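The form deposited in one PDB entry is given below as one chain in structure tokens.
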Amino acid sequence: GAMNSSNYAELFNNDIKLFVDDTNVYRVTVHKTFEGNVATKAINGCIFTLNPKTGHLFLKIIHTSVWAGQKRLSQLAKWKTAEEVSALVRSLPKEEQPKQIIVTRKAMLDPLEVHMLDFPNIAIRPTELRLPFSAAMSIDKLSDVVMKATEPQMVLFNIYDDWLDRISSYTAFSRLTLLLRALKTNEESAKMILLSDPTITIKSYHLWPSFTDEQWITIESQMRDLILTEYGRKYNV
């Protein structure tokens, strides 16, 4: 059924699964027209499709041309997501196809189920968690590749960098979600934390800085402080 706090460890078992987040697929800027009316301008999006055991992120870039001449774009966007997720599974050899796909928003369930009717043995599941995957566009390298795209494109990232050499996938996933929650709550502060120290670099091919274990504990603690704080500054506590 639904994925929640009670069955969190299932994400790190050996059944192949993917998270799918569609929160960045249809992105707009809202502006005034010359006549003083309001209009939107679409910008490039992406589907965030992530294996939480391995860190594999299949980042499908949604180029603005896909919306040209279409109506009901917020609704289309859910079906476009589902169509793109289904051809990724089809493309994959059988032993690499997921046993489960967990959607981060419930409105994705029927679009994905319909596009996956050919795969009755792949369970489509919602979740009760409030996962911060929308903040993926606050990761600079991901944002850059989305915005520069001139055509539809699939870009592959390990969103855990090399962390699995040293920590488990439970710990990696909990680090990722903490970084993303922080970026989502106060992007500016979150980014200051990660890049304050000029000596800690992001090796070209990684998304995050090359922290030592001890440095990751400092960082992880600084991100928790940020999240408690902003919760205060938001709730006055």
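A residue's number is simply how far along the shown sequence it sits, counting from 1. Definition used throughout: the rigid core is the maximal C-alpha set that superposes within 1.5 Å between two forms.
- Look at the C-alpha B-factors of 146 to 154 and of 77 to 85. On average they run higher in 146 to 154.
- In this entry, 211 to 219 shows the higher mean Cα temperature factor of the pair 16 to 24 and 211 to 219.
- Highest CA B-factor among 177, 54, 201, 64, as stated in the entry: 201.
- Across the options 90, 141, 72, 99, the residue with the most elevated CA B-factor in the record is 72.
- Remark: residue 129 belongs to the highest third of its chain, ranked by C-alpha B-factor as recorded.
- When all modelled residues of the chain are sorted by CA temperature factor, residue 46 is found within the highest third.
- Among all modelled residues in its chain, residue 109 ranks in the middle third by Cα B-factor.
- Residue-level temperature factors show residue 173 in the middle third of its chain, judged at the C-alpha atom.
- Per the PDB record, residue ranking by Cα B-factor puts residue 191 in the middle third of the chain.
Here the subject shifts to the form deposited with a partner chain bound, a form of this protein not shown in this document.
- In summary, the region of this chain contacting its partner chain in the deposited bound form, judged by heavy atoms within 4.5 Å and restricted to 191 to 199, 167 to 175, 207 to 215, 48 to 56, corresponds to 191 to 199.
- Taking a 4.5 Å heavy atom cutoff to its partner chain in the deposited bound form, the contact residue among 140, 96, 162, 128 is 140.
- Only one of 212, 65, 33, 201 has its C-alpha shifted by 2 Å or more between the shown form and the other one once the core is superposed, and that residue is 33.
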